[PDB]
> 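First, the structure itself, so that you have it in front of you.
So you know, we letter chains A, B, ... as the sequences are listed, proteins then strands, and number each from 1.
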Amino acid sequence: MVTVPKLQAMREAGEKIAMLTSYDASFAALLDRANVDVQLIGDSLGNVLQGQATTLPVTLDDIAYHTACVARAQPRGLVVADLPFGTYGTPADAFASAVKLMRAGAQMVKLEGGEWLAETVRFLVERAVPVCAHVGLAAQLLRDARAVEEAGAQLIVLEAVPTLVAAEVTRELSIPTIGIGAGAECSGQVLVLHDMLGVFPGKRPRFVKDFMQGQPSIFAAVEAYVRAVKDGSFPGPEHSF
Amino acid sequence: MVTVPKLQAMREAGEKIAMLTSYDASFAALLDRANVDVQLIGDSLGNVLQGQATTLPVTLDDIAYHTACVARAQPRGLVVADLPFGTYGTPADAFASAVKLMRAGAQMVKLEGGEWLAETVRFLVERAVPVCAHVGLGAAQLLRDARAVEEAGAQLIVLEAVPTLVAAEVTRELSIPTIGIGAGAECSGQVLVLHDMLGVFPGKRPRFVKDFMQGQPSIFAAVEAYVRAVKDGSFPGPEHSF
Amino acid sequence: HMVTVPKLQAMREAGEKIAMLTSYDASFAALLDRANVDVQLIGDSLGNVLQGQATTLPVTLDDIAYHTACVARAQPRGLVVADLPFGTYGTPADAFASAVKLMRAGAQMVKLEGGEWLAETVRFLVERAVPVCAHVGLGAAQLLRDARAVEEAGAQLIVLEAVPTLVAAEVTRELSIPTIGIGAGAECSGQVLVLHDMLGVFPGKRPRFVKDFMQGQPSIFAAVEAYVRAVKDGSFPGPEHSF
Amino acid sequence: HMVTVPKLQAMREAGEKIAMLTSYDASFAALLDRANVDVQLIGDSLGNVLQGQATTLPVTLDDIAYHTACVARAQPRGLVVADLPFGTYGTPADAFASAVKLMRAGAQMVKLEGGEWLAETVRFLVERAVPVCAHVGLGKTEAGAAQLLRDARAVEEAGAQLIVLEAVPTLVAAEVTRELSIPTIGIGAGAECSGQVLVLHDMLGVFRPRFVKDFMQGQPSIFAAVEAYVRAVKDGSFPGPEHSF
Amino acid sequence: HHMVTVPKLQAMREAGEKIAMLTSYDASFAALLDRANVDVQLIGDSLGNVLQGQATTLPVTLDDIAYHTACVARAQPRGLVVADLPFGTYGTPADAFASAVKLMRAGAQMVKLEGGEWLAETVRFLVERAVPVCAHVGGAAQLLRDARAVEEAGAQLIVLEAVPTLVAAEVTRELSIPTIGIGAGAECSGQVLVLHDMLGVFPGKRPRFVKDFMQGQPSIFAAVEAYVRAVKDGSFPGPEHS
Amino acid sequence: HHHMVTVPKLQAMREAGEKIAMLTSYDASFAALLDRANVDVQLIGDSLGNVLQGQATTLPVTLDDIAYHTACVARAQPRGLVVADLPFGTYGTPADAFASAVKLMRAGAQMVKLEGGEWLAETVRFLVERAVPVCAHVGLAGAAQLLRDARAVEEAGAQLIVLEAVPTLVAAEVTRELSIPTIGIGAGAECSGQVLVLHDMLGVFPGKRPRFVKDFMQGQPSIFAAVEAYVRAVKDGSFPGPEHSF
Amino acid sequence: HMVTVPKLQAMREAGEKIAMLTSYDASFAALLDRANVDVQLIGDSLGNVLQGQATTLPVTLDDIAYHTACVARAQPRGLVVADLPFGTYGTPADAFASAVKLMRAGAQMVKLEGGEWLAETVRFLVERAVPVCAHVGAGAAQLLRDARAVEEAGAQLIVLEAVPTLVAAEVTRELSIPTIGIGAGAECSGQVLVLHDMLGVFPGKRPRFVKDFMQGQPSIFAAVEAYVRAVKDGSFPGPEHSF
Amino acid sequence: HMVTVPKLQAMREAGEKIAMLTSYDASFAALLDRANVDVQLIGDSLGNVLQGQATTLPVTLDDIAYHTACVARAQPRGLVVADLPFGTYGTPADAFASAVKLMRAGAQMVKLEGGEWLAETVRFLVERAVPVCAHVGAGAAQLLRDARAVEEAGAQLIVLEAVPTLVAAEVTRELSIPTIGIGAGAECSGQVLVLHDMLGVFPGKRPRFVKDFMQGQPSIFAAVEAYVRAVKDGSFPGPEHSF
């Protein structure tokens, strides 16, 4: 049973957290069988499920729908849901949006933004909504990270950050850091499910590894991801700048 | 680009039709790349996506949301969407439901039921909504179901859970293409639920399904293997029949 | 057990009495299923026993839908039946919209109260794959006529309410589908009671057709298992519970 | 036994233990009242025991209002308390809107879960004539215990007239109760609170969670089981040591 | 055995006991009327005039009747609670049913529909679906046809308004159900008046049909008792009120 | 125009020593009869929750319910001042209080009544500034706080105040300290006027007459003469009498 | 006292011509009634004269209801008629729902425009106690057939619009109910004009059916009195208004 | 050819009096514009004159928006001013939402009634491009404070209602913006009356402040033309219409 306190304990133990995006009941159950620690219903579903060029059209109802689907698989891993763009412009709106997702089964919500988010994070945590922060790009990045941790975020996604810079954020923070496109010096990693399964035409993203190629089953692809994350051989240098 | 007429010409020319369920833009693009003829946004999403015991909770908006996702991949294959349970109890209601799915990107709708559906199918067809029928089990009644919906204007029909010889007879009697699931190999084509055929489930693999993922180098090769196996006559095998 | 609409017909053929009870929430529904209740009914009796109203007429469709979803979330192996409340089946298309809502919420069959006039509605529903439980009561000749008309139209189950034992015997013998009595004596294919009555949670008179099964059982579970066994061995309803 | 908020306070002063139970429908509510249950709580526990959910987070304000109207239609003499569910009191104005809806449906008092941060919310409601029941949980130096007492004093001081203590070491709950002047009602908080609460379905043995006793055992009826609870609370034999946090 | 039911009013006509009915729109008066043993309390669209101060009753909506119905039912009277379907809420049988259902959910045990012969199909439709109906009619030969028609359709009670005493007597003789008169003389199975009219809460000149029962009585409760006893002993209405 | 009771005329009545006679009123027939009996002020109060709706308390009464009964009373076009209660829950902020008041004044209310103490000051000030006349409503160290409540709502702008269930000598002191008119129910005779619930003073109550009420129907030929008797007894100072006083 | 539907039928039989004007607000409604205008019509002409639209098609049922309630608040003794606007009577039950809305707002009668296809709708409405005004306008033959059809379905007043005088005379002779002319010559049981036209508040060029009754009068009240009188003495419409 | 806010300010500076009149529909708005009315006011007077209510409290935002769209569709050269009705400007945000609805329907400026307290609201509106007309009415000391505070907050026009001539003269002299009188006498930058009053549509005694301009004139156009002329030559209002 991965709970928010469990994530903190994993960081202190040096057990790496394997996170993956997840949008429906069948994959959620497969991911959970492969021991994925954290399943993310991310606005990435705007590209991978909805086929849009950006994630801006993704609504709060969309995220709530996919959240309810993943939740119905009753995974042992932590279910995290993104608040989509436009749904947290003020702290009271953030709270109404978070409440909707937690009613649908999310156990933590993720809000993207730097320092300015601090008051919102504090508002939410105070009202018993666990928060995952999401920052990206170096002194500003470190300032952002420290402010959201200080306001009460218990998890933080580092996106598209040089490896040494990521390593330093991880060393400065007490909460677990989860990297994508940010090197192996994080407490864990996330990829978009569809990317790591090789379900994309042509150009693999540089941050990503196709875990499916050469594996006998979808389940073995996911298990491979989880093991590579935990033994520190994903991400490798090729996936990092 | 696969059209309703091409599906008919494929039956005449003895080319089998390869259909798969599909519920999002990424698998829709992959399926299209492996030359899936028909992509079905079916109420099987109630089980496979929503994790429900049955399909009854699936609403018209659910089907419309997943249809819009598939259509946004712009596949060359035909996009068929199911009218879910409760959404076609009169012909006018059936039409309003179908219209919503076609606005979302469906090119054809599927309505499940027997003889009694004839007036509904004619109503829809008259009004420029192409219809896929869907029937199942005994044999005498399945056959008049099949004939009645063809006669009413259905241009495609799904045969679900039917012994191989009866399905073989239905296919002979009809002139429209038949699409089997659990109906043996003597159909104009075949359908499977995508998650079943990719093996995205331990334990209870239903009898009519093969896992095309096992031992393939990629998900794309799994789907390409399904399409080849449907066309060369060696799915479904007698294992998947009865 | 995993009870389906076809299993009820088989039970009648095999002479296994059908034990049915009302049920309105997830806790009792799990307890009933653990006690192998065959059929759970989300009935408009909830207007009286849960809502505290003098009649069942204030019960809405949304109310039945809510309780049906609660019972269904327990995932019982028994058959979940929901009542279409008063006012929600005044035409066949209305009946079908109401039934669909209840079935989306977890009902596997819906119950409509009415005599012979319902025939066309029952047929409409059954043709469209909604299984139907009929419900009639009190005269005797019209009762059998009502029962026969809703059976011909496609009902797969029928409740007989407040009927002399000999009349109900007759109806059961003439019908080919299972009959379920409440205040209709022991010559039925099964029995239903309102849960709260059989657990003795009323103030006042036990209704005469009810037995309080809680009395001197060691647990609520044991009261319910006693009910199911008593229905199945034929010693409920007893003569003192019939008329 | 027409139990008002001032009567509970007098109960605490007199050393008469307050017996509280959850209640969600008219039939049980009448039976609870005939058994002399002091306080009936339409709690978000209904999310688990009635709706069958893994958590109470799906419970809406309309679900609470519905069960509150059911209970109130029994016209009990005991105090009707209704929970404000999750998400319905993020600001004081929102809390007040939620509270009004529950009091329109028959609640006599509303319960809000949270610590010191709720102090303004409680003041806001109490000043506008909404009675409030608070609800908190968690050596002399220990930080948890210390924050719990700070929470309790804060909501008391903002005007809460009753407080629930859930999952608290017995000795800590005893000190919270001694420091406060309002009645405390425990669940998994030991026997030194001014009263006790349990979930009806748990105490009827329809499921023990560790904090719970099954009162149906050795009793001839549901009514006698509820009478046994009320008596046990008042004679100090529930909760037992096994029921402690 | 305390409740006044539709069968009980039928028994009263056979046994010759006159039925005393009064309009009622709120809980306080509902209770007082019940204590005075009023047989039937009517939430009539007369509230348009007496409560709302409108010149006609057409502004009275289904929601107004429903609100005042709930107020009367919350007194929990033993008398029967009858509610009017307001103007425009019974144009088709389906609508009539929807409207009846709303009132019965609010506390009506019977609903009143005004109209002659054309209402028969609507009456039949309601009665079949368990809605008890009270008809309302008001040359003499059409009146008689209208009354027979609604009775055959299944109305269990009929109000006769503004009808010559002789004509009303015939109607009552030819029907089998109880007739309740207002401005129809004393040859009816019972009487109705508007509460406020019989309490004298009007400015100046009362209608010809009405007696002020309050005048010179020691209490409002005595006035209502006076009315009930005067209907039952046959001396309201008098010749003045006809 | 000069036939109409206005808020300034009520203030003049206080000055002239003419006692103000107020009654609750909820429909057009009674509202016409009350006006014909020269009742000064008709109040559409939340007492309708008990007397009309049959509820145990007044909390179920909605703004829509008060607005409906206000429209009924207003369509009788009485000369007397029409005051409507803002129900429980409809004035939790000043902007909310204004939206509710607006609704009632659109329906025919000429003045709105808000129940509560000192804390209401800001809300009263917000409404009066925006042209909404306000009737305050207070009751029960205890006497000290009542007097603070009274002065604060007057300071804030209230032009009428109801004192409910207050010792007679306390009510006397509040009335003397305020310069707006005070309207008592259960507050003795030393107020600028009196209020009762219509159905109470017509003797339509289940059995037990509350302490504060007299049944004016008794000894009278009609309901009109009952209401006339009320207005006269208020004006000659012999309602309320000692037995009606808390 | 009050102008009622039977009073209008009396007027035809007695030879008193009916003076009808459109009306859309309380102030004008009060002035019209003081001038003894017999019938006030809340017509969809308001689309032109109040809304400034090029056609009357944009006028909605809510528009007609709003001005009907304005006119009704003047409490005129004249009969208050309201137009069902275009698209609100496509089926009989729609017609009834629209009419009911207009009657709750203060309408005493409703006017529906169309020929004999309307007969069934007129009958449905009159059966449900909605009084109906018809509105019609080889063709001569169809016109008469439309007129008799709506009268036999139960219409109690008919407006005749844009019709040769001799055809209108014939129609009027053939019917029992009163005919109200606009552009139909003087052999009708009465006349209607649009208020603002007859008050001379049009742009410079006058419609052919209209006379400016305000021109040269000392007051608006005087203008309306002159119209009522001219209708009743038969000297409006004149031959310059007719064809 | 359009009358604009800055043109009114130029009229003040040049001593040309502003003629303003209320207006609620397209026919009259066209007529008023032919008469060179400077400013057309969709005022909450419509509650009395059109809706026939005793007070203006019942007038909704939707009502004002409707009459505004009607006036605007006549496309007057004159400036269109719409009243924010009672209860639609209780906070600055709500005032802005209400104003924006009126401006979308065709209003060029909105009128808010009230004194000194409104200052903040007027600033909020004006900052966001909503032109504002104030409306007010020692004693004198407060009148002048209200007037200066709303002008300072950005109001560009002000209506002075029921104010003695001398006071209104002092207000006018101390403000920079044009003042518009109704019952405020002759020393204002302009005048307003309610259309229906100055057309004499109401019987018996008229308001003291009002002249009936229809008396003596051959047409309604001549009445309005006469009003506009009498304001600009300084001979309405007369001493009989002031105090």
> Name the member of G/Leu31, G/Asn48, G/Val49, G/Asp212 that forms the most heavy-atom pairs with chain H at distances under 4.5 Å.
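Winner by heavy-atom pair count: G/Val49.
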> Can you see whether H/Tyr24 engages H/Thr68 through a side-chain donor-acceptor pair at a distance of less than 3.5 angstrom?
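Judged by distance alone, the side chains do not pair up.
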> Should G/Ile158 and G/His135 count as side-chain neighbours, where that means a heavy-atom distance under 4.5 Å?
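Side chain of G/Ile158 against side chain of G/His135, heavy atoms only: no contact under 4.5 Å found.
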> At their closest point, which heavy atom of G/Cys188 faces which heavy atom of G/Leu160, and how far apart are they?
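Looks like SG-CD1, 4.0 Å.
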> Please output the residues of residues 50-64 of chain H in contact with chain G, using a heavy-atom cutoff of under 4.5 Å, in numerical order.
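From residues 50-64 of chain H, the residues near chain G are H/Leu50, H/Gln51, H/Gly52, H/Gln53, H/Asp63.
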> Quick one: does any side-chain atom of H/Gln40 pair with a main-chain N or O of H/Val81 as donor and acceptor, under 3.5 Å?
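No, H/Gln40 side chain to H/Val81 backbone: no donor-acceptor pair under 3.5 Å.
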> Would H/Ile42 and H/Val80 count as a side-chain contact (heavy atoms from CB on, under 4.5 Å) if you check the C-alpha gap in whole Å, the side-chain angles of each, and the deciding distance to 0.1 Å?
CA-CA 8 Å; H/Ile42 297 95; H/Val80 180; 3.3 Å; yes
> Please list, chain by chain and in numerical order, all residues satisfying salt bridge (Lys or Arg N to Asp or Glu O under 4.0 Å) with H/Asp25, sequence neighbours excluded.
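Result, salt bridge (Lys or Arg N to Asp or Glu O under 4.0 Å) vs H/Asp25: none returned.
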> Determine the sole option in H/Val192, H/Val37, H/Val39 for which the side chain to side chain contact (heavy atoms under 4.5 Å, CB included) test with H/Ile18 is passed.
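By the side chain to side chain contact (heavy atoms under 4.5 Å, CB included) criterion, H/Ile18 pairs with just one of H/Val192, H/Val37, H/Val39: H/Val39.
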> How would you list all residue pairs meeting ring-ring contact (aromatic ring centres under 6.0 Å, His included) that involve residues 43-73 of chain H, not counting sequence neighbours?
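The answer is G/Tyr66-H/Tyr66, G/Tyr66-H/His67, G/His67-H/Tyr66.
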> Would you please go through residues 225-243 of chain G and name the residues with a non-hydrogen atom below 4.5 Å from one of chain H, in numerical order?
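Residues of residues 225-243 of chain G touching chain H at under 4.5 Å: none.
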> Ignoring hydrogens, what is the shortest heavy-atom contact between H/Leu193 and H/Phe213? Give both atom names and the distance.
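Closest pair (atom of H/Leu193, atom of H/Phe213, distance): CD1-CE1, 4.4 Å.
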> Does G/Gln215 use its side chain to pair, donor to acceptor, with the backbone of G/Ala223 at less than 3.5 Å?
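Not at all, since once roles are kept as given, no pair shorter than 3.5 Å links the two residues.
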